[PDB]
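Letters are used for the chains, namely A, B, C, D, E, F, G and H, taken in the order the chains are written, and counting of residues starts over at 1 for each.
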Amino acid sequence: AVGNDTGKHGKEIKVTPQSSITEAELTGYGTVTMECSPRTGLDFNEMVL
Amino acid sequence: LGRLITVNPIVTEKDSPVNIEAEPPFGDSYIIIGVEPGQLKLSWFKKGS
Amino acid sequence: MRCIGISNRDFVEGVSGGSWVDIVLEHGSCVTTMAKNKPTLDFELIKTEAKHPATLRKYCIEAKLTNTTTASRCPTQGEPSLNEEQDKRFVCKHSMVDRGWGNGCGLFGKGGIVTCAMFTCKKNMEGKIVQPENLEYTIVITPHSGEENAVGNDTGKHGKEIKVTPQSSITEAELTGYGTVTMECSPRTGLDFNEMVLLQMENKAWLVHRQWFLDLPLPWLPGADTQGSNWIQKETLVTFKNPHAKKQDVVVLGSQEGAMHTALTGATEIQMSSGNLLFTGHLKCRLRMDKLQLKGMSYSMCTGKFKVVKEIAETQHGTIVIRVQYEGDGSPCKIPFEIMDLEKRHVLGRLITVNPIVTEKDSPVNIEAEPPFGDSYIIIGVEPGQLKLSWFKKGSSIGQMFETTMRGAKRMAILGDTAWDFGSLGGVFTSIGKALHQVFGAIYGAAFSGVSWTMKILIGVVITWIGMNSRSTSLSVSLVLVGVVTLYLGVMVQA
Amino acid sequence: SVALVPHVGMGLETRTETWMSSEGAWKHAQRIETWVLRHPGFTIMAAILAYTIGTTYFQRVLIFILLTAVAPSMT
Amino acid sequence: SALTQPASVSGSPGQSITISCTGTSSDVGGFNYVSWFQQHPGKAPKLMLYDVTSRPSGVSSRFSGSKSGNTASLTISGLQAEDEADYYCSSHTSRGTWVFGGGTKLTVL
Amino acid sequence: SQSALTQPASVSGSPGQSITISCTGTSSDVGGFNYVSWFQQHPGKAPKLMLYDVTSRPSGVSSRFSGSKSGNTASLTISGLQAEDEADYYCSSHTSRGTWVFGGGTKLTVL
Amino acid sequence: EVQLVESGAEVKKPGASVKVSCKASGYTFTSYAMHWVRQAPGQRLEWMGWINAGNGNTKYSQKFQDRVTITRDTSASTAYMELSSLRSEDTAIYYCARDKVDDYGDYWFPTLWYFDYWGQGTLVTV
Amino acid sequence: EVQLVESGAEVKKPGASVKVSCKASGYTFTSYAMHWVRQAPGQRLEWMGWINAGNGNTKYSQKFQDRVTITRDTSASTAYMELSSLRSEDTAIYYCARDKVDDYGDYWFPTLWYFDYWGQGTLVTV
């Protein structure tokens, strides 16, 4: 809905190696829990930016 | 013949369109929306195999 | 009524449990459906309209060249450079022309040259596309009411005209006095407008294959091109001349309208001037006869004399039609009509205009019936002044079987697996036959796409010979069957 | 040329007549016949070559027919 | 390239009035980036419709949008006095720019 | 164009009697097809279609007006001649060539 | 209620041209072919030609093939007939009869009930 | 609340330059692209260009391309529209309208509800 006085349906969760467990609170649908493993997605000890 | 993907489509407000995603079968299929009075029957053909 | 004399008229008899029948409608054909205790109706697809088509590509059929320029470089000094080569309006080409002291170069050899002339399109043919959801089929439903003018099909004034669109699968037509007829048509599985283009060129339009249309060797513009000057393969419409390796020239080939007409040999012509209405293709529909009832079934029989106002005529389909004026009282009465044998011992024919009635005494009535092969008598009215009109048919039931078998074979050759939908009542054999036909038709269309009827004839002859000269009885029979079907399709194709 | 790739064998045919079906049904046969008449020399060579690549009259006749059909077409 | 709209439009209160926005195959005939803006005098434009038909959260349901070929239409069903304003049609074109209609002045009387 | 259908210049008949009008054409307009229509032309008024398809008549036309055809000749019959039947009767046909031809015009006089 | 209204009566010199309109109201003007029938005062009717209002195709009699032009306004729902190179013998009443084209929009075979509705008749003098 | 506020009205002379600002509040300034739309007194709305606050990218109308410069100030959540070499035709209200960029930060495809929020409008006269 364009009326931005209320903004919904936009839940974004940040996942970090320290906090790899986080829950999204999707309004009306309860909550979802993501148990992520960022430490295995990419070996940043063998990569250079 | 097909199973909808936007599971449990509901109407929250009268003047608020709701868009349904569904998975039809391959070939001829008919999308039925509503009940007997003025029920809108939509045809569809899924080209794959 | 409205379906006699078309000569591409099919007779669908009977409905299944549920009072529905599957009918395929085609342009230029008509279907008349009959079922017990229900009026005979005439159905005809009379229009397919594609609305708001988007242009997919412009093609140049008549160009011209202007502002021709040329530049040369002395031998072994590289390539000439023209400013006009910077923009793609100018069609250019590089070539070598010998140069020496006479031309102005200090050494002898093949010096580079480049010619650039501006390319302008004088005439283009536009190929458009239409979404399968923007078609609007029109169907005229004509009851066999026996009206005087109902025979004349073209007008279709008293036949209900329903517009079938993919938006709604169900179309309901209310025929006055007959109830309503429900049509569940399938515009999406028709002509497959996602794979076809609406090619229009100089007040004539064609329905072409999309890939064929995109394979055309002409200079083209994108569907959405505002400038109109960045033609893509301009070299298909210009020729560069270097006859003696002295100088190079560029000329424009000539208007390609006639060549395009020749290229369009196998396409079906359509209309594009006043709306994109195209009179070709078929339409499968399902006919719901549940709410359909006979008209004037509560009237009493006519007690009076009938006079023939148009003599009995034989339709092209083995049916007879006749117009009868009524002269008795009880104006809204039922016409006593039957096709008997000579002794009137039993009824031989079958009325096609079921339940004929004279609504108004002055207005004549057209009745169509289907007499049997041989001698039959059309008895009309009660005994005082009763009409007894002899008729002969001049045919055989074996001949009718052959004609029907050949007509069904042609329908299969035209509609492929959609043929099994014609007059189908959802039988198990019908489903299995249609599925087998789909499989074999897919294989055949893969193996025989793009060839001409002469190539089909040659391939069929070769396959038949290979099957005949085969040790295996099974392989021999299968190959001979494939060859015979291929020969039939080659004979019946290009139409 | 566009005329060298007609809209033939595309599977879009219906009952309605196509653009030039009646006229163009036998154009190819007429053209091959005229070419064979005007150029009897190549036809004899094609027959000889078909016979040489033989071992079967079906093979020979098929090869000769294909060569005669392709001689004008290749042009 | 400006989307073409009627210069003016008038409709009796309580009736339904339609506005047309004819464009090219790129602006309003090619994409669903069709938006209708209502601008009262001395005020910034107000988004009335978007995606052809979708209307903003606060926008009444009396406003309906349609698109056919190169033409998009806006319809008003109640024709209240507060609806009398200037209506602009815009589309996001194929080249990545925005084109606006000439604007139609709707009058109830 | 073609050749206009030839019908009698005038016709008269005592009121209530049966009077017929002929309409002679070639084998291309009247003999060839059934596009034979009769028109009733009162003075100062546009022609009114009385018969079409030889025998058919449009809705609202009295049954006293009947039509028949024989070979290359078409006949118009009126039953019970009345005082209203004092107009010019013209027979027209659709020629095979694709045009329309009108008869000379018969003026029926009741008395 | 199908009424064909024709232009008022006109009088013009032999060297002039007269254009007479026939407005069509009550039926779909684009689905009917507008014919033009000429009747000299005290003579037999004469068919001039027809114009297919649906697609603008026209036909003319060999008598008027060169001196007659028929045009229709699809938006105006009127069919025009102008006659040039007038003559005293050209004086007559010009009616506009009506006939219906088939379902494919082409006027090949007329309906058997052609000319069912005429105009009031337009008078032309020379 | 998502309110967009622009600088006040200004009076300039032909041949001068004018800078107009649009302060964005109530939303992440970097997440949306800023559009400039000008409307001459009693005339149609005209699009000028947009600025992507996320990366400072811009796209101008072919008209205004050489005169208009759009800049943003991430610190202040403010956008600027510089119009150079003002002419008599440049007198008009200059609106700012937002449109969210995608999650990548790239603003090339807009959202269907572009220009959902507008600034009050800045008036410039020459």
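In the analysis below, a residue touches a chain if its C-beta (ideal position, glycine included) is under 8 Å from a C-beta of that chain, and two chains touch if they have at least 3 such contacts.
Which chain is which protein? Per UniProt: C = Genome polyprotein.
Colleague: Among the other chains, which touch chain B and chain E together?
Modeller: C
Colleague: Using the touch definition up top, find the fewest steps from chain C to chain H.
Modeller: The least step count works out to 2.
Colleague: Looking at chain pairs B-C and C-D, which one is connected by more C-beta pairs in contact?
Modeller: Looking at contacts between chains, C-D has the larger number.
Colleague: Using CA atom averages as chain centres, what separation in Å is found between chain E and chain F?
Modeller: Between these chains, centre-to-centre, one finds 61 Å.
Colleague: Where the centres are mean C-alpha positions, what is the separation of chain C from chain F, in Å?
Modeller: So the centre of chain C lies 43 Å away from the centre of chain F.
Colleague: Which integer distance in Å separates the CA centroid of chain B from that of chain F?
Modeller: 63
Colleague: Distance from the CA centroid of chain B to that of chain D, rounded to the nearest Å?
Modeller: For chain B versus chain D, the centre distance works out to 53 Å.
Colleague: Enumerate the residues of chain A that touch no fewer than two other chains.
Modeller: Answer for chain A, listing residues that touch two or more other chains: 2.
Colleague: Where does chain F touch two or more other chains at once, residue-wise?
Modeller: In chain F, residues 53, 56 touch at least two other chains, as defined above.
Colleague: Mind pulling the residue numbers of chain D that touch at least two other chains?
Modeller: Not one residue of chain D touches more than one other chain, so the list is empty.
Colleague: Within their complex, state which residues of chain A touch chain E.
Modeller: For chain A paired with chain E, touching residues are 1-3, 6.
Colleague: Along chain G, where are the residues that touch chain C in the complex?
Modeller: Touching chain C from chain G are residues 54-55, 100-104, 109, 111-113.
Colleague: Please give the residue numbers of chain E that touch chain H in the complex, ascending.
Modeller: 2, 32-33, 35, 37, 39, 43-47, 50-51, 54, 56, 88, 90, 92, 96-103
Colleague: Which part of chain C faces chain D closely enough to touch in the complex?
Modeller: Checking each residue of chain C against chain D gives 8, 26-29, 191, 196, 206-209, 212, 215-218, 256, 258-269, 279-282, 414, 445, 448-455, 458, 462, 465, 469, 493-495.
Colleague: Using the touch definition from the top, list the residues of chain H that touch chain A in their complex.
Modeller: Where chain H meets chain A, its residues are 1-2, 26-27, 113, 116-117.
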